[PDB]
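1. my complex, first installment, coordinates as in the assembly:
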Amino acid sequence: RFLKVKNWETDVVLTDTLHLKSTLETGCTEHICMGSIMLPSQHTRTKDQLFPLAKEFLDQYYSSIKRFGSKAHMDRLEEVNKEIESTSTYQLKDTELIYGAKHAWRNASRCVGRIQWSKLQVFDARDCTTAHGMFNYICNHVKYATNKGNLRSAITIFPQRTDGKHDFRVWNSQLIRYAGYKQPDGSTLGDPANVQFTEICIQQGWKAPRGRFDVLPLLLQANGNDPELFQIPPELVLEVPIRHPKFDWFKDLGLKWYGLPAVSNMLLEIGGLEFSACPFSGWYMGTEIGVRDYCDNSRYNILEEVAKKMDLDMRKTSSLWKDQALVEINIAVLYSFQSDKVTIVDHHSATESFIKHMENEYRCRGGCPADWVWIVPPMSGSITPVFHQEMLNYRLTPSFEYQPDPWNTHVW
């Protein structure tokens, strides 16, 4: 009940007590571990269930500010109880909303970048009423977060769900992503991961420039209405041309990527309240672009072309030509972002940062929920310290959760 985790590279042993405060469920049982299931039913999302959730959240909020069991605490519990009995929901104080957003990041067990959790810039967009207003808020976020390459973490929080018919949703999975179109010859142009979304953009009325790296438009749904298209001003989208510090032919590949990773399709849960539109952003770890975006077989899948340009022996997999090109591709991404002075972290620094964060969380908080399947980078896993680090995965709230894609849900 008081669990130990060991680091097998350093023999460091940490004692976790924080999991005992876990609310939500893992999907595992004592008979089967689902540790590698991408999105079990749990990680996706009445008057009765709402007040215990509010009480739990307010109790931890007032404990964090050392006013647990204080006048202010009891009065707020009273007031929220009062408001819930009446309105069947409630509204967060600005201070509680900031707390809940920072702690939803702090509790994101799949996030390696959480050492930064406390410096999040929270943009309260709860007064937004239309898609045009959502657009305005999202442009201001992008510009704030981008900061001429000196990226700053940010979240923008639109009005909470009420009855589920009045949902605010960003239909894009990230604020900035490249279009994907199926080809007449059978292949795919651009990002294959976004073929379905790119079709719905045209189906909703986009005029695609059918290129390879076309920044998708935003598809914004306010108050449960039909969603609307808006183009992000190009001057707000910081992109990096990808070149290599050795291979001069690298630039001829035509590669670029955007500076700002901005997840926009998740659900933020605070004190039982649900924020279905809550785009957040930080900065990339290099492997997200170079390993996953560029070399996944279901993505831009450039390995075969880069390997040819390197004149590697691609006859037999045992020459490790894939691995050799993978490393060079990732050297170039880091090289390019650093050259253009756009914030980026390599997987060695980020994972070392996370070990220090874990140490801090165990020491000051009693634990740190962590999903090893996601924390370990997708290349060079065992030469990063997280590979040898035992982690306990459990679900704390406030949290970011997954939600169904809107087009499946939207009553039109």
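-> Noted; the coordinates are in hand. Numbers count the residues shown, from 1 in each chain, chains lettered A, B, ... in the order given.

2. is the residue nearest the centre of chain A bridged to anything, and to what?
-> In chain A, the residue lying closest to the centroid (C-alpha atoms, centre = their mean) is residue A:263, at 4.7 Å. In this structure, residue A:263 bridges to residue A:174, residue A:280 when assessed by DSSP bridges.

3. if I pick it, what's in contact with it?
-> A:173, A:174, A:279, A:280, A:281 (C-beta atoms under 8 Å, 6 or more residues apart in numbering). In short, each C-beta sits where N, CA and C put it, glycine included.

4. wait, residue A:357 sits on residue A:118?
-> No - with contacts counted by C-beta atoms under 8 Å, residue A:357 stays clear of residue A:118, the gap being 10.7 Å.

5. who has more neighbours, these two?
-> Neighbour count, other C-beta atoms under 10 Å: between residue A:357 and residue A:118, residue A:357 has more, with 19 against 11.

6. wait, what's in contact with the more buried one?
-> Taking C-beta under 8 Å, 6+ apart, we find residue A:357 in contact with A:114, A:115, A:368.

7. now do 6 Å
-> Residue A:357 makes contacts with A:114, A:115, as judged by C-beta atoms under 6 Å, 6 or more residues apart in numbering.

8. kindly report the same for the one 10 residues further on.
-> The contact partners of residue A:367, taken as C-beta under 6 Å, 6+ apart, are A:16, A:18, A:19.

9. residues contacting the helix or strand harbouring residue A:97, please?
-> Assigned by DSSP states H and E, residue A:97 falls within helix A:94-106. The contact list for helix A:94-106 (C-beta under 6 Å, 6+ apart) reads A:61, A:117, A:120, A:122, A:155, A:268, A:270, A:398, A:399, A:400.

10. now go through those and say which are in strands.
-> Among these, the ones falling in strands (DSSP state E) are A:122, A:155, A:268, A:270, A:399, A:400.

11. which of the residues you listed lies closest to residue A:12?
-> residue A:399 (27.4 Å; C-beta to C-beta).

12. so the closest one bridges to which residues?
-> residue A:269.

13. residues contacting it?
-> Neighbouring residues of residue A:399 by C-beta under 6 Å, 6+ apart: A:104, A:107, A:269.

14. distance check, the last one against residue A:405.
-> To tie it back to what came earlier, the one meant is residue A:269. According to C-beta to C-beta, to the nearest Å, residue A:269 stands 18 Å off from residue A:405.

15. out of these two, which sits in the more crowded spot?
-> When residue A:269 and residue A:405 are compared for neighbours, residue A:269 comes out ahead with 23 against 15, by other C-beta under 10 Å.

16. ok, the more buried one - contacts?
-> Residue A:269 makes contact with A:397, A:399, A:401, according to C-beta under 6 Å, 6+ apart.

17. I'd assumed residue A:45 was in contact with the last one.
-> Think residue A:401. Yes - the pair residue A:401 / residue A:45 is scored as a contact, 4.6 Å apart, by C-beta atoms under 6 Å.

18. excluding its backbone neighbours, what's nearest residue A:373?
-> Residue nearest to residue A:373 in three dimensions, not counting chain neighbours: residue A:36, with 5.4 Å by C-beta to C-beta, 6 or more residues apart in numbering.

19. and that neighbour, how many neighbours?
-> Neighbour count for residue A:36, taken as other C-beta under 10 Å: 9.

20. with the structure above as the base, add chain B:
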Amino acid sequence: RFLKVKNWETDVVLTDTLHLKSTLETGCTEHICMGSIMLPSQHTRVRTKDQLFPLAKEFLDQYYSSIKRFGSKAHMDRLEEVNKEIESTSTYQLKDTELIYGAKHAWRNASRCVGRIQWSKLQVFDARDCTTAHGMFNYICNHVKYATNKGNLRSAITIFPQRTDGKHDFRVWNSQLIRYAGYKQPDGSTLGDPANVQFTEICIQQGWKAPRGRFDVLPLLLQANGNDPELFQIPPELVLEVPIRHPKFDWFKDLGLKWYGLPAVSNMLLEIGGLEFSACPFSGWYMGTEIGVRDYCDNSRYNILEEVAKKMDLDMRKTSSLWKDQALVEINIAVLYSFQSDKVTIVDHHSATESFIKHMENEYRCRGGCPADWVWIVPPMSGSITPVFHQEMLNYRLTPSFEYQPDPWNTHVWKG
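-> Chain B, in position alongside the others:
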């Protein structure tokens, strides 16, 4: 109940029903996932007739189902015979056929093993008539010679007598049959394999004269029938080794690296129908990354990334040059090059993971499932350019099984 797993690279979806036949625990609960804990208590291993009949019956039902004789008179007589042997003697003996079946299926059920496509072609050596440490040495030598096969490696397992009262255990004190010594220097540096320092000290204390080199093959330390272990040197002509060179880098040979060809795990416990075989060394062939990534490049192992990157003239001042990643690829190229050039069986992580995906799909269709530990199956480099990274996996415990056990020097009662 059905359970579906998806491959996120190919959208293939599979349905698991085999998890219903799962007996042991995982360590996880609805409220915590222990999926990255190295040795949960549930994976580690004094057992009465009470709980033993149902373990034997479950195993024998499985066995006779596989041979299409479920409910036959042979099946019922065997159940009756095992029943009476337990109540009369408090344990029972496996037939040869049952032992072979159990050992193959313990491999088949090993959810952390990526090499399981080969599970049906295991050579089982019955050493249950062994009585002394000298006998164990002889059986192990024959295992090494057979499995090595001049570089054309063959999977094999040698099964020594099962536990009785836990006071007469057969144990191989080595974690692997062939491993290099590690020596802690007075200045704090380590000569040889840092992973084997403690075991090397035991061997030295037990009378081993250590050559004190960087690649000294450790002696076997063998315990029969609960007696104190005895030292034996594997005959060097039986230990196939591969000098490591690089196909393009001529200076790589001058690093002085070599490795042995035969990976042979010797500290695990084989569980079959509730019988516990505490000495069951088994061997296959290497996946390249086991040597080139873990053995050579772990900070806690030979840790040669620094020297290799130095010799490659890489930018080592900023980690974001990915000089560690670059040197790691070159080393793994060299391991695979060296083994193939010497015609010693090896498999690269691309081939092995691709084969495992095929094995896994086949197991879903013909068996209803394939328990798999993603944390262990995904290779320690280049994870997502292998197909297992994108593959959802269900981890559960089936028997027969291989289990961890405590290191014998922590539990042994010394006679002297």
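
21. ok chain B is loaded, check the neighbour count of residue A:36 again?
-> 25 (other C-beta atoms under 10 Å in any protein chain shown).

22. what of residue A:93?
-> There are 13 residues near residue A:93, going by other C-beta under 10 Å.

23. next one: residue A:4
-> For residue A:4, the count of nearby residues is 11 (other C-beta under 10 Å).

24. also the one 10 residues further on?
-> Residue neighbour count, defined by other C-beta under 10 Å, stands at 21 for residue A:14.

25. also the one 10 residues further on?
-> Applying other C-beta under 10 Å, we find 17 residues neighbouring residue A:24.

26. tell me the SS of the closest residue to it other than its chain neighbours?
-> Leaving aside its chain neighbours, residue A:24 sits nearest to residue A:395 (3.6 Å; criterion: C-beta to C-beta, 6 or more residues apart in numbering or on different chains). Here residue A:395 takes the coil state, with states given by DSSP: H, G, I helix; E, B strand; the rest coil.

27. let me see the contact set for residue A:173.
-> The contact partners of residue A:173, by C-beta atoms under 6 Å, 6 or more residues apart in numbering or on different chains, come to residue A:265.

28. can we see that at 7 Å?
-> Shown in contact with residue A:173 (C-beta atoms under 7 Å, 6 or more residues apart in numbering or on different chains): A:264, A:265.

29. could you check how far it is from chain B?
-> Separation of residue A:173 from chain B (C-beta to the nearest C-beta, to the nearest Å) stands at 14 Å.

30. roughly how far does that residue sit from residue A:112?
-> 19 Å.

31. now the residue of the stretch 101-250 of chain A found nearest chain B, nearest residue through space, not along the chain?
-> Closest residue of the stretch 101-250 of chain A to chain B, C-beta to the nearest C-beta: residue A:245 (8.6 Å). With C-beta to C-beta, 6+ apart as the criterion, residue A:245 has its nearest non-adjacent residue at 4.8 Å, and that residue is residue A:335.

32. near the one you found, how many other residues are there?
-> Look at residue A:335: counted by other C-beta under 10 Å, it has 21 neighbours.

33. now name the helix or strand holding it.
-> Per DSSP H and E: helix A:321-339 holds residue A:335.

34. which parts of that helix are buried?
-> Of the residues in helix A:321-339, A:321-338 count as buried by neighbour count, 16 or more other C-beta atoms under 10 Å in any protein chain shown.

35. give me every residue in the stretch 301-412 of chain A lying close to chain B.
-> By C-beta under 7 Å from any C-beta of the partner chain, the residues of the stretch 301-412 of chain A that approach chain B are A:303, A:317-320, A:322-324, A:326-327, A:330-331, A:334, A:338, A:346, A:348-349, A:372-373, A:378-383, A:387, A:390-394.

36. circling back to that earlier point, and the contacts of the helix holding residue A:335?
-> In contact with helix A:321-339 (C-beta under 7 Å, 6+ apart) are residues A:240-245, A:247, A:250, A:286-287, A:289-291, A:294-295, A:303, A:306-307, A:310, A:312-314, A:344, A:346, A:379, B:320-322, B:325-326, B:329, B:350, B:381-382, B:385.

37. got a ChimeraX select line for the buried ones in these?
-> A single ChimeraX command is used to select the members of the contacts of helix A:321-339 judged buried by 16+ other C-beta under 10 Å:
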select /A:240,242,243,244,245,247,250,286,287,289,290,291,294,295,303,306,307,312,344,346,379 /B:320,321,322,325,326,329,350,381,382,385
